[PDB]
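Remarks on the structure that follows.
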Amino acid sequence: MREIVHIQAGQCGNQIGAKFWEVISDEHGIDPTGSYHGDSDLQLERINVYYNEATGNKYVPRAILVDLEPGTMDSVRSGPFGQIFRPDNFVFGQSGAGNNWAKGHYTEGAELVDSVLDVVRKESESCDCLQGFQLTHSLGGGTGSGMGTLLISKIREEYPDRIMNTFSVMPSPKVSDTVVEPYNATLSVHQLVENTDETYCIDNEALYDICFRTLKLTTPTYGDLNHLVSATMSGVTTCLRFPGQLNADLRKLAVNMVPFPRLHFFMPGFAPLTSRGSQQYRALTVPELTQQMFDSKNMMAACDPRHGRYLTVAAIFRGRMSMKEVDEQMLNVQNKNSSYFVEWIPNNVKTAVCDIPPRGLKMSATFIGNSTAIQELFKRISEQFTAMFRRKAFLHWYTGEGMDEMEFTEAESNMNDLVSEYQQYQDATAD
Amino acid sequence: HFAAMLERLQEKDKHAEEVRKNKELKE
Amino acid sequence: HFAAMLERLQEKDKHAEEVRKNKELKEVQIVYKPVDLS
Amino acid sequence: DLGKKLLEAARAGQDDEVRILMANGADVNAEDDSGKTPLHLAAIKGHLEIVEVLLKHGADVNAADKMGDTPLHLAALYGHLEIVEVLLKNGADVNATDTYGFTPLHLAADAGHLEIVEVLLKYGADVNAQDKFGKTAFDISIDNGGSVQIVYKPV
Ligand SMILES: Nc1nc2c(ncn2[C@@H]2O[C@H](COP(=O)(O)OP(=O)(O)O)[C@@H](O)[C@H]2O)c(=O)[nH]1
């Protein structure tokens, strides 16, 4: 029954992974003990995608929790829903990665990886028909970045015919001052380009700017940043968790969204944007929903969608609304904004509508775009990487772990190639 | 196609063992 | 038959590099020849 | 309360907001969750005028965070030469040591900022200073940086 295995690695991966489970649990009527208490049958129809049914009619997330930082286990277990997670699915080390990709990928991470693979093997074999995997992690640290990409690679060896999907948090010096974050992110992107089928680019630069400029928060905290992350993750997974026709599984989503294998980095967006504690006085109209979710101020990646073209788009509308009005509005943005949509992929914008809205909203909309403007995110990381790399800055922290400088050169070149490929398709014409 | 992908992934594994051995040479 | 023999000899080579690497874990070259008659 | 506001403005490069907070009596040595003062933040982010204003208003030039890093260590680590020069001209300790035994010279050499390594050395930085890993600053830059001979002998 199309099961997904969820994996959360590192401090960021576990923080956003926990919020994902707290949020989707509420939507499905599942309390922290695993009991169901809802009104709608749509809540449990596809509960199997993310939850295992344990004895006593309980539901337990098909989630594996990983971190080299031992202290992460306590913070996850102490969360509102820490009780729901399978105890044996918590795999924690004693020595962290110290913001070092090489430690997470090659040394401390490699020491712990077989313990994680044992637990993913067990969840995977228990599946009636496994779809693939979903990894939440950051790219700026050491565990989520290095060990997360090591896990992806090992999982790909045993399950090569399954979808590998990630929620990858991109670093921004606006939220983190760690000097080596561009190194860790470039090394991770190199891995993601080769080994994932679809990746959602949750950019800390866009999240900080949404909180500061749009939500008017003088100093956004990780809670503020993560409110946007969970709201995004709920929206982008709605099609997988509820009964529907379009993009109902990770494979059908990838066939619709990815025309060229490497070009699988999605720009997520949502509407209405809200802060924690902001009440909704009235529901947005379908034209407000459609206009806002396509707005650059609503994107979760710091890229201007009007600086590129949309290869493909998935629009998900949640709540009770007119489908005729939705269709009209979706045709309206494409006909009015025709120059930001590739003309050589006919009917590249697919729209789904789910009757169940998210918490505190009567109407909402989530956007998923595969845009050539995503090169703005990669160019920003590449520039930061190059500034340090030309000075051979901080390399001993990586080569001291056994790494070769040639790996940095290879990763830089691969990400720069990815950027040229987006530009090639942006300039392509339907001759 | 799957065998080519596996060969590529297994070469990453040989490389990882080389990295681990290289660290050992230093300390 | 000759390919099997060569494969066996080439495994001795891989082994020799492992031995050399093992010494390194624990802890350029002059070649002398005499003067020619000519 | 004004200490939190002063730290946000120092990090965000708001020159006029810092000037206003200073006039309204904010604590120059207010610390963030990591023991960093507004001077550490302006040094990390490279806001020279904010550094000059903070120093002029009595900020501790050798203030250390919970990791033992002074504004000089962070100016060196983040490659801000002018800030390093201002801090030095204002009494910064060139031989300041952090939890790892790194001095500002160690961080400048790791960052690949040879111009900062030079100004630190001209201000008296110890070239033999070793970190807790037994490494000098130049050992770090070297670490970062990454046949047969036929001899005819008469008999
Ligand atoms: N959005 C978001 N970013 C986070 C969070 N925690 C850490 N990060 C980012 O992740 C990076 C550091 O990676 P982290 O997950 O802390 O490291 P790891 O434990 O070694 O994987 C930096 O870019 C942080 O800003 C979080 O809760 N939310």
Side-chain angles (χ1 to χ4, degrees), chain A residues 7-23 65-76 79 91-109 112-113 116 135-152 166-189 191 200-212 217 219-233 268 276 300-302 377 380-381 384-385 397-398 401, chain D residues 11 33-34:
Chain A
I7 305 164
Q8 50 193 64
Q11 307 168 93
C12 174
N14 271 282
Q15 202 69 256
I16 77 181
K19 290 295 172 213
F20 170 74
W21 288 105
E22 295 166 22
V23 175
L65 303 87
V66 188
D67 205 346
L68 287 158
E69 207 56 277
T72 302
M73 192 186 81
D74 307 80
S75 72
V76 169
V91 180
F92 293 82
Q94 305 279 52
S95 57
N99 294 310
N100 194 312
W101 186 97
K103 278 197 201 285
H105 196 81
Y106 291 122
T107 55
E108 344 285 331
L112 187 77
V113 75
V116 185
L135 172 87
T136 53
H137 68 149
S138 63
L139 305 190
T143 304
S145 71
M147 198 191 176
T149 52
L150 170 63
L151 279 166
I152 291 169
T166 80
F167 288 93
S168 305
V169 174
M170 314 288 162
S172 173
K174 285 185 183 172
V175 347
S176 185
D177 294 325
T178 301
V179 284
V180 298
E181 301 205 353
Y183 279 177
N184 299 332
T186 296
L187 294 165
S188 299
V189 165
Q191 301 291 316
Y200 291 99
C201 300
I202 286 101
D203 187 358
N204 273 349
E205 180 109 355
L207 301 181
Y208 178 95
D209 291 336
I210 290 160
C211 294
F212 190 84
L217 302 173
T219 313
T221 70
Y222 278 127
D224 296 317
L225 263 38
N226 292 354
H227 179 261
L228 300 170
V229 183
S230 68
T232 297
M233 289 194 288
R276 311 130 91 202
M300 302 300 130
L377 177 152
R380 183 189 88 227
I381 304 294
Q384 297 171 326
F385 176 95
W397 298 102
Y398 294 87
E401 294 303 309
Chain D
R11 177 172 253 127
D33 286 0
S34 65

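Labels below follow one simple rule: chain letters A, B, ... track the order of the sequence lines, proteins then strands, and each chain is numbered from 1. Quick note: numbers below take in every heavy atom, side chains included, and nothing from hydrogens, waters or symmetry partners. Counting starts at 1 for both ligands and their atoms, in listed order.
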Side chain, backbone, both or neither: which part of A/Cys12 has a heavy atom under 4.0 Å from ligand 1? both
Please report whether ligand 1 has a polar contact with A/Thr143, defined as an N or O pair separated by less than 3.5 Å (distance criterion only). yes
Nearest neighbour in protein (non-hydrogen) for atom 13 (O) of ligand 1: A/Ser138 OG, 2.9 Å
Heavy-atom contacts with A/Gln15 under 4.0 Å: which atoms of ligand 1 show up? List them by number with element. 27 (O)
Can you tell me the protein heavy atom closest to atom 3 (N) of ligand 1 and the distance? A/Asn204 ND2, 3.2 Å
Please confirm whether A/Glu181 approaches ligand 1 to less than 4.0 Å, judged on its heavy atoms. yes
Identified side-chain hydrogen bond (donor to acceptor under 3.5 Å, both in side chains) partner of A/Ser172 from the options A/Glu205, A/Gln384, A/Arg380: A/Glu205
Minimal non-hydrogen separation, A/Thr136 against A/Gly13, with atom names: OG1-O, 2.9 Å
If you have a sec, work out which protein heavy atom is nearest atom 27 (O) of ligand 1 and how many Å separate them, to one decimal? A/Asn226 ND2, 2.9 Å
Go through the steps for A/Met170 and A/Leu377 under the test side-chain contact (heavy atoms from CB on, under 4.5 Å), then give the verdict. CA-CA 9 Å; A/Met170 314 288 162; A/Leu377 177 152; 3.7 Å; yes
For atom 25 (O) of ligand 1, which protein heavy atom lies nearest, and how many Å away is it? A/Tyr222 OH, 2.7 Å
Out of the candidates A/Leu112, A/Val113, A/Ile7, only one should pair with A/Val91 under the side-chain contact (heavy atoms from CB on, under 4.5 Å) rule; please name it. A/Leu112
Side chain, backbone, both or neither: the part of A/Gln11 lying under 4.0 Å from ligand 1 by heavy atom: both
Once you measure the plane-to-plane angle for A/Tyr183 and A/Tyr398, does it fall in the parallel (<30°), tilted (30-60°) or perpendicular (>60°) bin? perpendicular
Heteroatom proximity flag, A/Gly142 to ligand 1, N/O under 3.5 Å: yes
Using a heavy-atom cut-off of under 4.0 Å, does the side chain or the backbone of A/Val169 touch ligand 1, or both, or neither? side chain
Rounded to the nearest 0.5 Å, the CG atom of A/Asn226 sits from the OG1 atom of A/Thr232 at a distance of 10.5 Å
Nearest option to atom 17 (O) of ligand 1, as decided by whichever heavy atom of A/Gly141, A/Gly10, A/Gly13 sits closest: A/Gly141
Do you know which two heavy atoms are closest between A/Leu68 and A/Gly104, and how far apart they sit? CD1-CA, 4.1 Å
Scanning both residues in full, the closest heavy-atom pair of A/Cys12 with A/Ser138 reads CB-CB, 3.5 Å
Please name the pair of heavy atoms, one in A/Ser95 and one in A/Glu108, separated by the smallest distance, quoted to 0.1 Å. OG-OE1, 3.3 Å
Any N/O of A/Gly144 closer than 3.5 Å to an N/O of ligand 1? yes
Taking only heavy atoms of A/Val175 into account, list the atoms of ligand 1 that are under 4.0 Å away from them. 25 (O)
